[PDB]
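Following: one structure in structure tokens, then a few remarks.
Bear in mind these aren't lab numbers, they're just calculated from the coordinates by the rules spelled out. Cβ atoms come from the backbone with ideal geometry, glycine included; neighbour counts cover every protein chain shown.
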Amino acid sequence: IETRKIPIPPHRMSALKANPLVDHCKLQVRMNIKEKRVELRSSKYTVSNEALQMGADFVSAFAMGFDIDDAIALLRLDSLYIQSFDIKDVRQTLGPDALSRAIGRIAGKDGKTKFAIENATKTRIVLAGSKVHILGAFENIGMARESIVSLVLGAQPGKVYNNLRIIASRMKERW
RNA sequence: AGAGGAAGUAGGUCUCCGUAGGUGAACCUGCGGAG
């Protein structure tokens, strides 16, 4: 018998107050969004450390900016990963014109560039300033990560999107 | 002004917060900030 408690940011508290993991994995839950904690407890119907760690990963992935439409995908498919890239990781210049210009390049007006990158490499990303979070299979996470870091190296989004599309097609192909 | 003669050229998304107005709890728009 093991328990795991996770902290949540003060962003998604109403969305966590929305309504089930006891039905999903037979693992008893408690919540308190004023101490920012969510208790996960394993019962006699709870069988595996896989179920424990996957419930923990599902709740933390809902906490870090994804909704349930992209979180029950993590509850369901075991090939699905999350990777959280800080924009402060590997940096091309020392100059502090970073945050606004970089996430203006990555996000794009009305979400055009983030959305086209998502549709191109089949991954699902969310963007909040310094931290950008990628969800999907880890080769798609590698594709989205190399596209985003080539966006912050200062390459144009048209050329980056073209190369991303051709790499995504060659990765979809079997032989 | 005249019929002839002869010639030549052809780039801030999402979420939250503080605002100000709107039709009020909520909610919408605009702005200023943090993730």
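Structural remarks
- Reachable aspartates and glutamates, given that their alpha-carbon falls under 16 Å from the alpha-carbon of A:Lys88 and they are not under 8 places away in the same chain: A:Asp97, A:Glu146
- Inverting the pair-averaged 1/r between distinct Cα atoms of region A:6-49 gives 11.4 Å as its Kirkwood hydrodynamic radius.
- Across the alpha-carbon set of region A:86-161, the Rg to Rh ratio works out to 0.93, Rh being the Kirkwood radius.
- Based on DSSP H segments of at least four residues, each scored -39500 (n - 2.57), chain A has a per-residue ellipticity at 222 nm of -13500 deg cm²/dmol.
- The calculated FRET efficiency for A:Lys17 paired with A:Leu77, based on their beta-carbon distance and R0 = 22 Å, is about 0.25.
- The GluC sites (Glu not before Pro) found in region A:118-175 that occupy coil by DSSP, while having at most 15 further C-beta atoms within 10 Å, are A:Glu173.
- Evaluated with a Cβ-only charge set (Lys, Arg +1; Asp, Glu -1), region A:111-175 carries a dipole of roughly 120 debye about its Cα centre, given to the nearest 20.
- Gyration tensor over alpha-carbon atoms, chain A, equivalent ellipsoid semi-axes in Å: 34, 20, 13
- Stretch gain in nm, segment A:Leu94-A:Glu173, where the contour uses 0.36 nm per residue and the Cα spacing is subtracted: 24.4 nm
- Reachable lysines from A:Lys172, criterion Cα separation under 21 angstrom, eight or more residues apart if same chain: A:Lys114, A:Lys122, A:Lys159
- Annotation for A:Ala137 and A:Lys109: the two label points, set 7 Å from Cα along the Cα-Cβ direction, are 3.6 nm apart.
- FRET E, pair A:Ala116, A:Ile6, Förster distance 25 Å, beta-carbon r, rounded to 0.05: 0.15
- Rounded, prolate or oblate (a/c below 1.5 giving rounded, otherwise prolate when a/b exceeds b/c) for region A:78-127 by Cα gyration tensor: oblate
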